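Remember, it's 1-based here, ligands and their atoms both numbered in the order they're listed. Count residues from 1 along the sequence.
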Amino acid sequence: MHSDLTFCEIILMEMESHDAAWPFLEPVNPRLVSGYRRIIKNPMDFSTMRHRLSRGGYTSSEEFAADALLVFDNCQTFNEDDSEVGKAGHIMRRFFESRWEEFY
Ligand SMILES: CCc1c(-c2csc(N3CCNCC3)n2)[nH]c(C)c1C(C)=O
Ligand SMILES: [Mg+2]
């Protein structure tokens, strides 16, 4: 438990500070992104994960990883792989995956 959640802190801090994290530090504003609400059923972002981590809302590290994967699934759902947001999501996705297995 304590082991599970301290890893998520480390990972989330390192994603928050990553160069390629700029598209995911705050929720997408659907007023600014035509089509987002229609296409992305379950939005997610790093600060939503931060807020949920801060109040203890993650019971296990598997839930935390589920939210992280959703960030990048939504990203690949909405943005082309060769777009600027797409390219950053791939970098962030691979960062998370490699950092995740460096514990589990
Ligand atoms: C293409 C829009 C988009 C962004 C995005 C673009 S610019 C930005 N910001 C930079 C820092 N200032 C605040 C906001 N975010 N991010 C995601 C996950 C998007 C989509 C739809 O998937
Ligand atoms: Mg892999």
Side-chain angles (χ1 to χ4, degrees):
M1 179 57 159
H2 181 81
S3 213
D4 266 31
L5 282 189
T6 46
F7 291 178
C8 305
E9 294 281 0
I10 295 181
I11 290 181
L12 181 56
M13 170 194 69
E14 291 176 349
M15 295 191 298
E16 284 171 324
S17 68
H18 200 285
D19 275 359
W22 56 268
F24 319 102
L25 295 179
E26 61 175 79
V28 175
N29 187 339
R31 291 161 169 183
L32 308 176
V33 182
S34 322
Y36 197 78
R37 245 354 161 242
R38 175 176 47 85
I39 286 168
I40 290 306
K41 302 298 184 301
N42 295 107
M44 183 56 52
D45 71 285
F46 290 168
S47 77
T48 305
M49 294 170 52
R50 166 60 64 198
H51 296 334
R52 179 169 173 197
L53 193 53
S54 272
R55 50 183 308 194
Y58 289 117
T59 65
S60 70
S61 72
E62 281 69 25
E63 291 179 359
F64 176 91
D67 274 353
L69 294 189
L70 179 61
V71 177
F72 309 128
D73 290 327
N74 295 342
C75 179
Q76 300 172 84
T77 297
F78 196 86
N79 311 274
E80 306 270 58
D81 298 310
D82 57 359
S83 72
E84 279 293 322
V85 168
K87 288 188 282 189
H90 284 316
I91 296 175
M92 288 309 309
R93 186 177 47 72
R94 289 192 292 269
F95 184 73
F96 176 79
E97 280 190 24
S98 86
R99 211 64 174 81
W100 180 261
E101 39 184 284
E102 287 187 72
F103 307 114
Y104 315 91

Problem set entry | Basic-acidic side-chain contact under 4.0 Å: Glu97, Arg94 | no
Problem set entry | Within-4.5 Å side-chain heavy-atom neighbours: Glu84 and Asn79 | no
Problem set entry | side-chain contact (heavy atoms from CB on, under 4.5 Å) involving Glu9 - partner list, sequence neighbours excluded | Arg50, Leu53
Exercise. Between the main-chain N or O of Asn42 and the side-chain N or O of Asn74, is there a donor-acceptor pair closer than 3.5 Å?
Worked result: yes
For this session: Fit a plane to each ring of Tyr58 and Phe64, take the angle between them on a 0 to 90° scale, and name the class: parallel (under 30°), tilted (30 to 60°) or perpendicular (over 60°).
Result: perpendicular
For this session: Can you label the angle between the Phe72 ring and the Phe46 ring as parallel, tilted or perpendicular, going by 30° and 60°?
Result: perpendicular
Problem set entry | Sub-4.0 Å heavy-atom environment of ligand 1, residues by chain | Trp22, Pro23, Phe24, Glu26, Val28, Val33, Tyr36, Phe78, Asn79, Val85
